[PDB]
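Quick heads-up: it's one chain on its own, the form deposited in one PDB entry, in structure tokens.
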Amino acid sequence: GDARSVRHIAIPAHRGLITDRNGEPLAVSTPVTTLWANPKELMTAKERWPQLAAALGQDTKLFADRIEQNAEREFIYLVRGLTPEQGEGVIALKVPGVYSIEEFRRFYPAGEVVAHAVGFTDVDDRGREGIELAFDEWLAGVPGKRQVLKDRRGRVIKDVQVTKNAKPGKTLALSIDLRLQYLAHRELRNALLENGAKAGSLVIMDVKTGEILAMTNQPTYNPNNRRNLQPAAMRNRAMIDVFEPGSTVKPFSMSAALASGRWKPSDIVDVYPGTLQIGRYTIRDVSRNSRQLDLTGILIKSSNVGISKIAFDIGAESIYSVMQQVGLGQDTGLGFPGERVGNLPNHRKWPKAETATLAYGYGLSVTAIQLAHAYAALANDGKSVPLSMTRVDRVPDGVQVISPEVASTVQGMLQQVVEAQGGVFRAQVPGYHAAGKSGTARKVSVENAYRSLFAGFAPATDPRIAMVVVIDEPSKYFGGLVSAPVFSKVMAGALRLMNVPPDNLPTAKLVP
């Protein structure tokens, strides 16, 4: 039939390393040794089989069955992906017909801690989820090709000849700081356990560079062992899940009020009796023991009524404009697999009820990433630096989306939300002035179910990082009792890790 045969073999390309921003390995192509066999040669050395089988960790008779059943094939795999050292002891047995191929297997040194961001490759070493998928072309490289001239009995007579070399993939350095990532991962997980919550997300970003410094979710999974992996655990919820932001968008409503020319911080709004009726609907505050609140007090008490009255006065168009311009419900440009854009509703003419509900964050849907980016722009004196999941060496120009004077005023109000009497004191960061806003969003007709939110930034004197904590369905639940302490603990550790000077460790009690 055939005197010879020409078999073609690909030379595997070394897949690009993924590191965090400091060069810590997050995805590594590690060398592995695959053993294959020519059964026609192996069948001439049967008395070596029990020793070979032992070296492979395989049952003597099952190994023998496998060879005998494939006795005519010129090629079977004995085992793929042993360690180089395990392969080295088998090669030393010098069994006829047993040969080795070096290939690579992806290893994820941080495991579940950064699994949602990094993703993973399939058995064919192709990116399937996360960054591995999004940057697959960058990471993959260009494999080579060999030619093997084989026998009529499958024995490779002519030594392989290399057609094309293997071109390695490119290194990729993420924006993530693995130190902050571990801190965020451990504090979110502990908070979930303490609160009996179903899921959660935590985003940390650099307000000055747009970099995503940490992005963790629960549940998570071990990418190095995906046996019994369930779909819910795979979700990078910070990017691919949407939620109503509720009270956490009130600083943007307040930004529109101050940009309107119609409102100044010392203005007061009468929110008594803690409710406001619009047709058949009643807007309700949680704490309903207030009458006059100034604009800062409306944020401290989180008065839906107060922000609603302001929204009626200034018009929803101005609030829509700020929310759109800080990115809520807008494409982020990151291109993360499955990333959601959410929804910021718009109208030619805004009905009165929807003007109020926009202003306190009902009925729009955002991602944790978007909410964090919005807070980063506010923290950065109103200038939005573009998002990045990769290390930023040369920072692109930002876009001024809130005037610096309005941004600075709203920043001070959010510092009061954390530090003033009656505010979110469990969000305070010891040694630092922190600023932010809690939220609690009921999942309407979705039976005693809520999300607890906190969004903020620090240090208030020169903001460095913005943070969003989302805790999904705690079993207690308020934003200020559930997500606020997580913000405090993670913000304190992250500021320390970044060597940020404390701006609230005075040694003297000053007066005023």
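The first residue of the sequence shown is number 1, and the count goes up from there. C-alpha atoms forming the largest set that superposes within 1.5 Å between two forms make up the rigid core.
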| item | value |
| --- | --- |
| No coordinates for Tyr477 in a third or more of the other PDB entries | yes |
| Test item: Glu447 lacks coordinates in at least a third of other entries | yes |
| Between neighbours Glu47 and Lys46, residues that the deposited sequence lists but the model omits | none |
| Size class of the missing deposited segment between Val446 and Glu447 | 4 to 9 |
| 120 to 128 versus 378 to 386 - which carries the larger mean C-alpha B factor in the record | 120 to 128 |
| Selected stretch [higher average CA B-factor]: 404 to 412 or 166 to 174 | 166 to 174 |
| Among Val148, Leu328, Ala110, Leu192 - the residue whose C-alpha B-factor is largest in the record | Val148 |
| Out of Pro12, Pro502, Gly493, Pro25, residue topping the C-alpha B-factor column of the entry | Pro12 |
| For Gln218, the third of its chain into which the C-alpha B factor falls | middle |
| Lowest, middle or highest third - CA B-factor, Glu72 | highest |
| Among modelled residues of the same chain, the CA temperature factor third for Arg464 | lowest |
| Chain-relative CA temperature factor third for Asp270 | lowest |
| For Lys437, the third of its chain into which the C-alpha B factor falls | lowest |
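Unshown form deposited in another entry; subsequent notes refer to it.
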| item | value |
| --- | --- |
| Residue from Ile268, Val399, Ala71, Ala420 whose Cα, after superposing the rigid core, lies 2 Å or more away between this form and the one not shown | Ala71 |
| Rigid core superposition, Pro84 Cα moves 2 angstroms or more between this form and the one not shown | yes |
| Core-aligned CA displacement of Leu17 at least 2 Å between this form and the one not shown | no |
| Core superposition between this form and the one not shown, C-alpha change of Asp151 at least 2 Å | yes |
